[PDB]
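Participant: Starting off with a structure, shown below.
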Amino acid sequence: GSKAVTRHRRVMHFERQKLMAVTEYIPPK
Amino acid sequence: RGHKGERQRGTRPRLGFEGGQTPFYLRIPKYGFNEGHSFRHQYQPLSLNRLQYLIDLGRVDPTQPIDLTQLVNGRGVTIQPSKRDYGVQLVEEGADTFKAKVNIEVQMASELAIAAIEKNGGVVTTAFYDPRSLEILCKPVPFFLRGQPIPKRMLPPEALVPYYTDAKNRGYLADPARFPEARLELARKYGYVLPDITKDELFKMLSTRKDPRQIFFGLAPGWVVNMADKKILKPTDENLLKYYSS
Amino acid sequence: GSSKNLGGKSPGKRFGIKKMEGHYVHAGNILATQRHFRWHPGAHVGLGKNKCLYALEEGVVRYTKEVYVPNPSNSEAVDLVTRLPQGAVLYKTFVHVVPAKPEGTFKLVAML
Amino acid sequence: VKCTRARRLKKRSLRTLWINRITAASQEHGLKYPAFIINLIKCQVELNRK
RNA sequence: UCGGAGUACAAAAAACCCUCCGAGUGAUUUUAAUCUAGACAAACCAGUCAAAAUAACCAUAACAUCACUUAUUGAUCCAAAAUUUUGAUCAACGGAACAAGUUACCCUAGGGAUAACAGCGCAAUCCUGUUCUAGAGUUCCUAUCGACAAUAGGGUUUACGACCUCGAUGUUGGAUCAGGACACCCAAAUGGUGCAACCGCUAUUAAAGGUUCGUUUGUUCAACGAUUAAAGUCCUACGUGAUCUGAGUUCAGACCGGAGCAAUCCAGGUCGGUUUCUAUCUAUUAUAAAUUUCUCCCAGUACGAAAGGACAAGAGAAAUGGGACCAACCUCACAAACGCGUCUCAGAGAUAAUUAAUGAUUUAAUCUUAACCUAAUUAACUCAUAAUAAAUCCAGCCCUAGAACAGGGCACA
RNA sequence: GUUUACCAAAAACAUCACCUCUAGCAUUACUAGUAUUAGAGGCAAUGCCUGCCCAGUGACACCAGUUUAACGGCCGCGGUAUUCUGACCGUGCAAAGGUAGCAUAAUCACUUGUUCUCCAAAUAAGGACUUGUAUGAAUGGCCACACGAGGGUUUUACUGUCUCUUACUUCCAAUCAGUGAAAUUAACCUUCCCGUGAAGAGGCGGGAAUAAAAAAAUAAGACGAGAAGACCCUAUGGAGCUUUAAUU
RNA sequence: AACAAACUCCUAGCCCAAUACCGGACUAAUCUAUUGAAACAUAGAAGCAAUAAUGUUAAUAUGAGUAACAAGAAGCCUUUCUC
RNA sequence: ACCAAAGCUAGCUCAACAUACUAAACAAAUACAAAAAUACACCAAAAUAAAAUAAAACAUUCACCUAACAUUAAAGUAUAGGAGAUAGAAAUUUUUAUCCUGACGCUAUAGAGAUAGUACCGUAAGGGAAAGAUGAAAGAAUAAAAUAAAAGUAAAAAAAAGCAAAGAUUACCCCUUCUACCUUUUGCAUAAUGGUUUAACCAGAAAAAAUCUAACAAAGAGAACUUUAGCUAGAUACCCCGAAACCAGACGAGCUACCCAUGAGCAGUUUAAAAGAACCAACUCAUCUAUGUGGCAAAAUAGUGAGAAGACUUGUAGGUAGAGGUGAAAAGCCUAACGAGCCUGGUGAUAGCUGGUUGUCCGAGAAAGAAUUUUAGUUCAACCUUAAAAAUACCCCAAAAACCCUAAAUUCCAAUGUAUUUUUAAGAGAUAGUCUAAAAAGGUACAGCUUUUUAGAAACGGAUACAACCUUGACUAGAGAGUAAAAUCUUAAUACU
Ligand SMILES: *C(=O)[C@H](CCSC)NC=O
Ligand SMILES: [K+]
Ligand SMILES: [K+]
Ligand SMILES: [K+]
Ligand SMILES: [K+]
Ligand SMILES: [K+]
Ligand SMILES: [K+]
Ligand SMILES: [K+]
Ligand SMILES: [K+]
Ligand SMILES: [K+]
Ligand SMILES: [K+]
Ligand SMILES: [K+]
Ligand SMILES: [K+]
Ligand SMILES: [K+]
Ligand SMILES: [K+]
Ligand SMILES: [K+]
Ligand SMILES: [K+]
Ligand SMILES: [K+]
Ligand SMILES: [K+]
Ligand SMILES: [Mg+2]
Ligand SMILES: [Mg+2]
Ligand SMILES: [Mg+2]
Ligand SMILES: [Mg+2]
Ligand SMILES: [Mg+2]
Ligand SMILES: [Mg+2]
Ligand SMILES: [Mg+2]
Ligand SMILES: [Mg+2]
Ligand SMILES: [Mg+2]
Ligand SMILES: [Mg+2]
Ligand SMILES: [Mg+2]
Ligand SMILES: [Mg+2]
Ligand SMILES: [Mg+2]
Ligand SMILES: [Mg+2]
Ligand SMILES: [Mg+2]
Ligand SMILES: [Mg+2]
Ligand SMILES: [Mg+2]
Ligand SMILES: [Mg+2]
Ligand SMILES: [Mg+2]
Ligand SMILES: [Mg+2]
Ligand SMILES: [Mg+2]
Ligand SMILES: [Mg+2]
Ligand SMILES: [Mg+2]
Ligand SMILES: [Mg+2]
Ligand SMILES: [Mg+2]
Ligand SMILES: [Mg+2]
Ligand SMILES: [Mg+2]
Ligand SMILES: [Mg+2]
Ligand SMILES: [Mg+2]
Ligand SMILES: [Mg+2]
Ligand SMILES: [Mg+2]
Ligand SMILES: [Mg+2]
Ligand SMILES: [Mg+2]
Ligand SMILES: [Mg+2]
Ligand SMILES: [Mg+2]
Ligand SMILES: [Mg+2]
Ligand SMILES: [Mg+2]
Ligand SMILES: [Mg+2]
Ligand SMILES: [Mg+2]
Ligand SMILES: [Mg+2]
Ligand SMILES: [Mg+2]
Ligand SMILES: [Mg+2]
Ligand SMILES: [Mg+2]
Ligand SMILES: [Mg+2]
Ligand SMILES: [Mg+2]
Ligand SMILES: [Mg+2]
Ligand SMILES: [Mg+2]
Ligand SMILES: [Mg+2]
Ligand SMILES: [Mg+2]
Ligand SMILES: [Mg+2]
Ligand SMILES: [Mg+2]
Ligand SMILES: [Mg+2]
Ligand SMILES: [Mg+2]
Ligand SMILES: [Mg+2]
Ligand SMILES: [Mg+2]
Ligand SMILES: [Mg+2]
Ligand SMILES: [Mg+2]
Ligand SMILES: [Mg+2]
Ligand SMILES: [Mg+2]
Ligand SMILES: [Mg+2]
Ligand SMILES: [Mg+2]
Ligand SMILES: [Mg+2]
Ligand SMILES: [Mg+2]
Ligand SMILES: [Mg+2]
Ligand SMILES: [Mg+2]
Ligand SMILES: [Mg+2]
Ligand SMILES: [Mg+2]
Ligand SMILES: [Mg+2]
Ligand SMILES: [Mg+2]
Ligand SMILES: [Mg+2]
Ligand SMILES: [Mg+2]
Ligand SMILES: [Mg+2]
Ligand SMILES: [Mg+2]
Ligand SMILES: [Mg+2]
Ligand SMILES: [Mg+2]
Ligand SMILES: [Mg+2]
Ligand SMILES: [Mg+2]
Ligand SMILES: [Mg+2]
Ligand SMILES: [Mg+2]
Ligand SMILES: [Mg+2]
Ligand SMILES: [Mg+2]
Ligand SMILES: [Mg+2]
Ligand SMILES: [Mg+2]
Ligand SMILES: [Mg+2]
Ligand SMILES: [Mg+2]
Ligand SMILES: [Mg+2]
Ligand SMILES: [Mg+2]
Ligand SMILES: [Mg+2]
Ligand SMILES: [Mg+2]
Ligand SMILES: [Mg+2]
Ligand SMILES: [Mg+2]
Ligand SMILES: [Mg+2]
Ligand SMILES: [Mg+2]
Ligand SMILES: [Mg+2]
Ligand SMILES: [Mg+2]
Ligand SMILES: [Mg+2]
Ligand SMILES: [Mg+2]
Ligand SMILES: [Mg+2]
Ligand SMILES: [Mg+2]
Ligand SMILES: [Mg+2]
Ligand SMILES: [Mg+2]
Ligand SMILES: [Mg+2]
Ligand SMILES: [Mg+2]
Ligand SMILES: [Mg+2]
Ligand SMILES: [Mg+2]
Ligand SMILES: [Mg+2]
Ligand SMILES: [Mg+2]
Ligand SMILES: [Mg+2]
Ligand SMILES: [Mg+2]
Ligand SMILES: [Mg+2]
Ligand SMILES: [Mg+2]
Ligand SMILES: [Mg+2]
Ligand SMILES: [Mg+2]
Ligand SMILES: [Mg+2]
Ligand SMILES: [Mg+2]
Ligand SMILES: [Mg+2]
Ligand SMILES: [Mg+2]
Ligand SMILES: [Mg+2]
Ligand SMILES: [Mg+2]
Ligand SMILES: [Mg+2]
Ligand SMILES: [Mg+2]
Ligand SMILES: [Mg+2]
Ligand SMILES: [Mg+2]
Ligand SMILES: [Mg+2]
Ligand SMILES: [Mg+2]
Ligand SMILES: [Mg+2]
Ligand SMILES: [Mg+2]
Ligand SMILES: [Mg+2]
Ligand SMILES: [Mg+2]
Ligand SMILES: [Mg+2]
Ligand SMILES: [Mg+2]
Ligand SMILES: [Mg+2]
Ligand SMILES: [Mg+2]
Ligand SMILES: [Mg+2]
Ligand SMILES: [Mg+2]
Ligand SMILES: [Mg+2]
Ligand SMILES: [Mg+2]
């Protein structure tokens, strides 16, 4: 396991990736 | 069994071994709790509640004098001479409801147990029995089948001399002149009128005692009991008579 | 290299608070044990030589914030009070035990 | 062991086989399987795929 | 071994060959008693507090204090002292009453729980490219380089981890045979230059073929002699010991220097030292359609003040490699085999970087991930083309055909 | 001359020589002997030599003491003749401070020391230079004749060792006839590639290839077969050897 | 949308997984006590159950009809030749 | 259809009784080199048993272990012990004779090793087997009856594709779905271990405390003891194979090391030489290389080599024996393995270490805190299983828990939701951990890295494959149905005249 702060854009947990993709910003149309 | 180790191969250490660490039974300092326990005297307790219970059911009878032998035949107490038992001690558990009148002989008595019996007009006497004699006394029939003369009863050791010599304990070796004054002290202490035992019709039975060198009632050392022929043998030589009577 | 730090291993002494508020305690129960003076003793609470707080009477444990008036014979504490400004008062926490059972009751033993 | 596991898969395989036959017979009329099933349930016709 | 602070942020507990402080007792007098409710703590052994009661003394008097006050310590047995009491760097500190070295002459039970060789993980170290310009370059950042710094990737080195194997994954260099990558040494095409030419420096594109022979060292490496178009970098169990070698590492023998009183030891040297296997399975056992150098010529021309000195085009001769053959020479005591000898070796399409024409978004210009048409142009690769070709005589004998099986002849011979 | 019978035949051991040590003597060794004798050892002919040191240890004396051809040992720091070097001087410790000789050696490392000769080319070989701060004098130093199935180098002559292989015979080999074994073997109807995975797949995943058998060949893989790894660690598992371990 | 589980409904039930240790109900084959009499019942006893120890003994295969082994020639048959 | 299969006797085991105990055979020859009729002799002997082991090491100690005269009790008591492991009496008690003896012992891999201590392997001490089947008659062999059932073959070679099978199907394949089995591990299809296959044989054993059932009960037991509901009786229990070694007594110097006896060899050639001189055979050693490597050979063959009148080879026979012998020291040789022979006995030596552990089904089900010559193991605590008793357990609002600054959040507690929890009596296993998310530490703000705390998981579904990620309350049958996690991810951009 790696530290909390790394140098290589630590890969997120797959469940967290879905969270980062469902909470995106949609500009008004 | 298990998987590997000393469990599956059955070579675990002895009992009480904690794996190199000093065991629990070796880190406690020695103290004398059982020091000389094999030489301490033991006395089987007899309660007045049980003594009353035996009399009511006919296990023992007060008409005939009661001693250790009569208690054993009545299945009241069991004495094991081997386990350093020196007789029966009288305890005062049932002193309040004791209404019997007996001439009981024990090996140890308490102040309240003596007072309870003397209230009804009984007689209490304490006598010492050597383990050699006590084995004979508790089991007389097996002894009579050994074909041996009845031996003299041995004296109490120096430790037990004061207990059986003082009149407060109703010792068998005590001076009889001090019994009447000692009996009245108990009557005064517990506030019960002391009966005049000499005026009762059973005075002959209640005054029966044993010689300090005598085991059974009416028998003498040196006598051989031939149970098959129902006859009693007696010695004649001067040395034999002197030895068995000294 | 080689290790220079030695002797850093020592088990904890379990210093802390034992009886919370509302617990029913009897006489002799240790309310709390401490290293420094964290909770000061209050009513019906003793203080051992090792600064442990034990209840003196059977009752309910209560915690309270009260004022602090140090013993005049304590030189260090009275000096701290002396240097305080006029508008300030020391406040400390205390542990109390409100008694539950009464001291005793009168019963009829004999009517002559 | 293979007997029991295949017995569990026997129900799945036959269900898959039926859907292929339903899809084949539905495409023959120019209607896809997804449209043939949901629009038949909306008519309260409860016929299983068997 | 024992205590304090952080790691352990707010009840408790909580680890590391983790980060920092200490303790193995002194000073003083207030010389600190007996007995018992209830609790904290804890595997156990141990450790801690403590009301009431009794005695001591103000005649209804119990916390010895200070030094971070927290640690200042040791169980049984046993021994000594009066019976009250005391006794260990038992520090390996839950403590065997008293015991060291060496083994490459080694043995046995086990471990991939645990090292060396190999793979794998990771990228400190190593390697390759780009971003940023202070400066070096006489002037001039980027012809050639580029400090202090930024960023992405390769998995060759020494490490790090100890994940698969210790009822065995045989370990350096060579010999044989090589498969592959391109971060290209040569061969081909091209941009830039502080490129006149010649000789160079640097960058883009291309992996079909090629990359020498010797003296010393076991050597890979390195130095040196001669040469070549060039003597590339690296992976493949740092390829390849059921194909070979054993010089070196790496057993048992023996010296020299040193360490040890010795036995013995030294990534210190020196001499010697068994390299096993009958192939069960998988896999495999021939198509062709060339490459490079040198000479002559162009030409002492182009280019240059001179000195020096070309490319392209043309012609010729050799070498290696592929595939074949004995008239001669040579090996040659068979009528054959063989090399040192002789013979042969190829057209079209198609491309990468780059160069040029026409032309719009942008009525200019502009090779165009703008269209149409068209041009100059690496190697691969593909193909033209060449080889193979008749279903069903076959006992026997012969054969320049052959392990067996097949194949070619046997009418005039 | 001798040795590890069955991986080492040697530079190891022995050996003539030299030297040290212990013993004044009788019926089974030594010995049917008596110090020019006989045992316990070291070192290795010959030739030139074998330097200094009894503090420690050991032995003897068993007291002082005596012994190193007994085990063993045989030095720093600072300054000083233009510069370099250091004859010399100051000072300290020791039982004495490495003397003669030889020397990049079979002699820690530096090391492929430096130089000359040999070769077209020399990490080799021989000859010199030389602090070897870890050479060195019977645990022997140094020099030489003869000798050596020891180790290294050079010249000459020969040759398939090699540039570069080829021809022909015999034993094997392949076919036929006779007899007929071994290690090995979980079951196999026993492919290739990339990816995955206890980290190197005939079996998993994604794709490719695919009538079935026989005989003869080459050894890349089956972490091939063989020996419950000799290396390494562990085991309150063994043994041999030595002593300043404990007990005796 | 659809397709998709050891999940959850539907129809019947004998009505919910597992390594070390622990608990329970049954039971194959032997002998004995009484039954049984085309092979069993209730009990009491044990040498009471083998797909696995480079297991033991015996028999079989595979490797494999493979590796490897032998007799000089002719004749008039035992005499002459070749070594 | 071959190979094979089946049988029930031979005899054996454990006792009892019992005479009282080296059998049978001894014509002749038997301790000369045994089985050889016959000559001046010598003859004989003893010295405590040690150790493997236990104390988890090992030095004092370690039952039985040569010699006891028994049984019921005293008693596992007094005592003796690095006072540890363990060792352990006596005084004093009990015991009525002869017959009733046979078998809940085996049946040819069993039972003695046995058909036999014979074959055979060893110089010797010593080790030591396999092997039998017809019937009343084989003086019924043109002979008869019985299973024709183990592996292995024949009858009958094979046709794309795959742990060899299942779902099936009109149909053997073709199709679809499935990473052999045990052991050992955090995790094995693993290229980690073992097995060619078949038959026979081969591995849990003890009753102090306890639970269940029963007798009798303040008493129980067919003496000796235990007793404040206890005592007596029954039932329920704890394996197999393996070291290197250690000690004692025997047998081995016919090979080899050395020595004492007694013998026998060295031709030619060169030199005043029989000089540990020289050339070269017989003869003796074995340098170098190649074949050979289950070979001709458990050390050889071919070529080539060194000595060859000596410190030389060699025959016969004798001597030295394991705490030793012997050695021109190689830690050599002493009968094909010598850092110390072989055989037997102690011996079923002992292993915390490896391997093995045999019928069906069902219920519940654990990843490590503390000491330890201890981390390859044990003994406690926690957790858990079986039985029992009892009342409260989890969730848990307000209040409450420190002083300079300080997050996620813990402790404590009524209601409520729900049935859990505690105590008592018996217990074993485990105490060698892997990843993911979170808070930290060491490292390179490296590792599938390492040390702690909180939480999760170890699907037969999904992420193509996949221990740790996501969906999932793991029963059986059906040719019914609804759903959950989830299957191709984005941009790949810049004219400025
Ligand atoms: C390294 O030397 C070791 C062998 C030691 S014993 C010769 N290598 C093993 O593979
Ligand atoms: K310790
Ligand atoms: K690393
Ligand atoms: K290995
Ligand atoms: K190439
Ligand atoms: K295969
Ligand atoms: K030739
Ligand atoms: K443009
Ligand atoms: K020799
Ligand atoms: K001296
Ligand atoms: K030299
Ligand atoms: K020699
Ligand atoms: K191969
Ligand atoms: K293995
Ligand atoms: K294993
Ligand atoms: K196994
Ligand atoms: K002899
Ligand atoms: K032979
Ligand atoms: K252990
Ligand atoms: Mg983590
Ligand atoms: Mg096991
Ligand atoms: Mg274990
Ligand atoms: Mg200890
Ligand atoms: Mg009693
Ligand atoms: Mg700690
Ligand atoms: Mg701390
Ligand atoms: Mg507590
Ligand atoms: Mg008080
Ligand atoms: Mg002790
Ligand atoms: Mg400790
Ligand atoms: Mg402690
Ligand atoms: Mg002890
Ligand atoms: Mg050596
Ligand atoms: Mg071993
Ligand atoms: Mg581990
Ligand atoms: Mg390897
Ligand atoms: Mg490695
Ligand atoms: Mg590997
Ligand atoms: Mg990288
Ligand atoms: Mg500038
Ligand atoms: Mg980087
Ligand atoms: Mg590992
Ligand atoms: Mg680890
Ligand atoms: Mg293997
Ligand atoms: Mg090579
Ligand atoms: Mg190549
Ligand atoms: Mg390129
Ligand atoms: Mg070029
Ligand atoms: Mg290699
Ligand atoms: Mg090699
Ligand atoms: Mg080989
Ligand atoms: Mg190989
Ligand atoms: Mg070598
Ligand atoms: Mg030396
Ligand atoms: Mg040699
Ligand atoms: Mg060598
Ligand atoms: Mg083949
Ligand atoms: Mg071969
Ligand atoms: Mg030209
Ligand atoms: Mg040619
Ligand atoms: Mg235009
Ligand atoms: Mg073509
Ligand atoms: Mg033909
Ligand atoms: Mg010689
Ligand atoms: Mg040898
Ligand atoms: Mg020899
Ligand atoms: Mg040799
Ligand atoms: Mg001299
Ligand atoms: Mg000399
Ligand atoms: Mg010598
Ligand atoms: Mg010498
Ligand atoms: Mg000298
Ligand atoms: Mg002196
Ligand atoms: Mg010199
Ligand atoms: Mg010299
Ligand atoms: Mg050197
Ligand atoms: Mg050399
Ligand atoms: Mg050379
Ligand atoms: Mg020299
Ligand atoms: Mg020296
Ligand atoms: Mg000397
Ligand atoms: Mg020397
Ligand atoms: Mg000479
Ligand atoms: Mg020579
Ligand atoms: Mg020459
Ligand atoms: Mg044949
Ligand atoms: Mg096949
Ligand atoms: Mg792969
Ligand atoms: Mg597939
Ligand atoms: Mg596949
Ligand atoms: Mg063949
Ligand atoms: Mg073949
Ligand atoms: Mg395989
Ligand atoms: Mg291999
Ligand atoms: Mg192998
Ligand atoms: Mg092993
Ligand atoms: Mg070793
Ligand atoms: Mg240990
Ligand atoms: Mg040991
Ligand atoms: Mg031992
Ligand atoms: Mg010994
Ligand atoms: Mg000593
Ligand atoms: Mg479904
Ligand atoms: Mg269950
Ligand atoms: Mg497990
Ligand atoms: Mg039955
Ligand atoms: Mg059995
Ligand atoms: Mg079986
Ligand atoms: Mg094997
Ligand atoms: Mg088996
Ligand atoms: Mg058989
Ligand atoms: Mg065969
Ligand atoms: Mg074959
Ligand atoms: Mg052959
Ligand atoms: Mg022991
Ligand atoms: Mg043990
Ligand atoms: Mg003994
Ligand atoms: Mg004593
Ligand atoms: Mg038998
Ligand atoms: Mg049998
Ligand atoms: Mg059969
Ligand atoms: Mg199939
Ligand atoms: Mg798997
Ligand atoms: Mg592992
Ligand atoms: Mg486990
Ligand atoms: Mg396997
Ligand atoms: Mg293993
Ligand atoms: Mg195997
Ligand atoms: Mg019991
Ligand atoms: Mg011993
Ligand atoms: Mg012995
Ligand atoms: Mg001899
Ligand atoms: Mg001669
Ligand atoms: Mg000679
Ligand atoms: Mg030869
Ligand atoms: Mg030869
Ligand atoms: Mg030759
Ligand atoms: Mg010669
Ligand atoms: Mg000679
Ligand atoms: Mg003898
Ligand atoms: Mg010896
Ligand atoms: Mg010799
Ligand atoms: Mg030596
Ligand atoms: Mg040696
Ligand atoms: Mg031997
Ligand atoms: Mg055992
Ligand atoms: Mg652990
Ligand atoms: Mg427990
Ligand atoms: Mg709250
Ligand atoms: Mg509550
Ligand atoms: Mg453990
Ligand atoms: Mg872990
Ligand atoms: Mg990890
Ligand atoms: Mg956890
Ligand atoms: Mg799946
Ligand atoms: Mg369900």
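Lettering and numbering for the structure tokens are positional, with chains as A, B, ... in the shown order, residues counted from 1 in each chain, and ligands counted from 1 in the shown order.
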Can you build me a table of chain E residues sitting at most 9 Å from ligand 49, with the closest atom pair per residue and its distance in Å to one decimal, using only C-alpha atoms (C1' of nucleotides) and all ligand atoms, sorted by chain and residue number, as CSV?
Facilitator:
residue,atom,partner,partner_atom_place_in_ligand_line,distance
E:171,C1',ligand 49,1 (Mg),9.0
E:237,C1',ligand 49,1 (Mg),7.2
E:238,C1',ligand 49,1 (Mg),7.6
E:239,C1',ligand 49,1 (Mg),6.9
E:240,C1',ligand 49,1 (Mg),7.2
Participant: Taking the DSSP secondary structure from the backbone, can you list the residues of chain D that are helix (DSSP H, G or I), as a ChimeraX atom specification?
Facilitator: /D:2-27,33-41
Participant: Please identify every polymer residue within 10 Å of ligand 5, using only C-alpha atoms (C1' of nucleotides) and all ligand atoms, and present the set as a PyMOL selection string.
Facilitator: chain E and resi 180-181+207-211+232
Participant: Please report the interatomic distance between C1' of residue 46 in chain E and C1' of residue 88 in chain E in Å with one decimal.
Facilitator: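 Between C1' of residue 46 in chain E and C1' of residue 88 in chain E the gap works out to 19.9 Å.
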Participant: At a cut-off of 9 Å around ligand 81, and using only C-alpha atoms (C1' of nucleotides) and all ligand atoms, what residues come up? Please write them as a list in words.
Facilitator: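 The neighbouring residues of ligand 81 are, in order, residues 68, 69, 70, 71, 72, 138 and 139 of chain F.
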Participant: As a quick test: using only C-alpha atoms (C1' of nucleotides) and all ligand atoms, which residues lie no more than 8 Å away from ligand 21? Give them as a list in words.
Facilitator: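 Going residue by residue within 8 Å of ligand 21, we get residues 3 and 4 of chain B; 183, 184, 355 and 356 of chain H.
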Participant: Let me make sure I understand: among B:16, B:149, B:156, B:191, which one has the smallest atom-to-atom distance to chain H if we use only C-alpha atoms (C1' of nucleotides)?
Facilitator: B:16
Participant: When you look at range 27-41 of chain D with a cut-off of 10 Å (counting only C-alpha atoms (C1' of nucleotides)), what residues show up, excluding the ones that are within fewer than 6 positions of it in the same chain? I need them as a PDB file with N, CA and C atoms (P, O5', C5', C4', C3', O3' and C1' of nucleotides), in the first residue's frame.
Facilitator:
ATOM      1  N   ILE D  19     -35.468 -17.981 -25.985  1.00  0.00           N
ATOM      2  CA  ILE D  19     -35.390 -16.583 -26.401  1.00  0.00           C
ATOM      3  C   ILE D  19     -34.877 -16.476 -27.830  1.00  0.00           C
ATOM      4  N   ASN D  20     -33.922 -17.330 -28.202  1.00  0.00           N
ATOM      5  CA  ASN D  20     -33.434 -17.332 -29.578  1.00  0.00           C
ATOM      6  C   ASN D  20     -34.541 -17.712 -30.554  1.00  0.00           C
ATOM      7  N   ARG D  21     -35.379 -18.682 -30.184  1.00  0.00           N
ATOM      8  CA  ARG D  21     -36.491 -19.062 -31.048  1.00  0.00           C
ATOM      9  C   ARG D  21     -37.546 -17.964 -31.114  1.00  0.00           C
ATOM     10  N   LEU D  47     -47.878 -14.884 -20.787  1.00  0.00           N
ATOM     11  CA  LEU D  47     -47.375 -16.113 -21.386  1.00  0.00           C
ATOM     12  C   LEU D  47     -45.870 -16.179 -21.179  1.00  0.00           C
ATOM     13  N   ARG D  49     -41.947 -17.626 -21.681  1.00  0.00           N
ATOM     14  CA  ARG D  49     -41.167 -17.837 -22.893  1.00  0.00           C
ATOM     15  C   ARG D  49     -41.194 -19.284 -23.361  1.00  0.00           C
TER      16      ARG D  49
ATOM     17  P     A G   1     -36.859   0.396 -17.263  1.00  0.00           P
ATOM     18  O5'   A G   1     -36.950   0.359 -18.853  1.00  0.00           O
ATOM     19  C5'   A G   1     -35.988  -0.346 -19.622  1.00  0.00           C
ATOM     20  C4'   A G   1     -36.554  -0.779 -20.950  1.00  0.00           C
ATOM     21  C3'   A G   1     -36.560  -2.276 -21.215  1.00  0.00           C
ATOM     22  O3'   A G   1     -37.640  -2.946 -20.590  1.00  0.00           O
ATOM     23  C1'   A G   1     -35.724  -1.148 -23.109  1.00  0.00           C
ATOM     24  P     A G   2     -37.375  -4.257 -19.700  1.00  0.00           P
ATOM     25  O5'   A G   2     -36.543  -5.220 -20.659  1.00  0.00           O
ATOM     26  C5'   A G   2     -37.159  -5.841 -21.775  1.00  0.00           C
ATOM     27  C4'   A G   2     -36.141  -6.472 -22.689  1.00  0.00           C
ATOM     28  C3'   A G   2     -35.363  -7.644 -22.115  1.00  0.00           C
ATOM     29  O3'   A G   2     -36.082  -8.864 -22.161  1.00  0.00           O
ATOM     30  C1'   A G   2     -33.865  -6.147 -23.146  1.00  0.00           C
ATOM     31  P     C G   3     -35.980  -9.909 -20.946  1.00  0.00           P
ATOM     32  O5'   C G   3     -34.528 -10.539 -21.104  1.00  0.00           O
ATOM     33  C5'   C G   3     -34.172 -11.255 -22.275  1.00  0.00           C
ATOM     34  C4'   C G   3     -32.682 -11.462 -22.364  1.00  0.00           C
ATOM     35  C3'   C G   3     -32.031 -12.108 -21.154  1.00  0.00           C
ATOM     36  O3'   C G   3     -32.170 -13.515 -21.142  1.00  0.00           O
ATOM     37  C1'   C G   3     -30.772 -10.221 -21.809  1.00  0.00           C
TER      38        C G   3
END
Participant: Could you list, as a PDB file with C-alpha atoms (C1' of nucleotides), in the first residue's frame, all the residues within 12 Å of ligand 70, counting only C-alpha atoms (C1' of nucleotides) and all ligand atoms?
Facilitator:
ATOM      1  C1'   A E 254      49.642 -28.791   0.004  1.00  0.00           C
ATOM      2  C1'   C E 255      52.450 -24.558   0.695  1.00  0.00           C
TER       3        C E 255
ATOM      4  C1'   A F  11      55.839 -27.905  -4.145  1.00  0.00           C
ATOM      5  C1'   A F  12      53.162 -32.953   0.718  1.00  0.00           C
ATOM      6  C1'   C F  13      55.729 -37.058   4.045  1.00  0.00           C
ATOM      7  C1'   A F  14      60.442 -39.716   4.465  1.00  0.00           C
ATOM      8  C1'   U F  15      65.763 -39.381   3.714  1.00  0.00           C
ATOM      9  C1'   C F  43      64.918 -29.211  10.540  1.00  0.00           C
ATOM     10  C1'   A F  44      66.344 -31.377   5.624  1.00  0.00           C
TER      11        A F  44
ATOM     12  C1'   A H 328      57.949 -42.880   5.219  1.00  0.00           C
TER      13        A H 328
END
Participant: Taking only C-alpha atoms (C1' of nucleotides) and all ligand atoms into account, report as a PDB file with C-alpha atoms (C1' of nucleotides), in the first residue's frame which residues have an atom no farther than 9 Å from an atom of ligand 80.
Facilitator:
ATOM      1  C1'   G E 257      51.739 -13.694   4.080  1.00  0.00           C
ATOM      2  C1'   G E 258      48.385 -12.549   8.181  1.00  0.00           C
TER       3        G E 258
ATOM      4  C1'   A F 134      52.148  -8.041   6.655  1.00  0.00           C
ATOM      5  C1'   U F 135      59.978 -10.995   3.670  1.00  0.00           C
ATOM      6  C1'   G F 136      63.772 -12.899   7.034  1.00  0.00           C
TER       7        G F 136
END
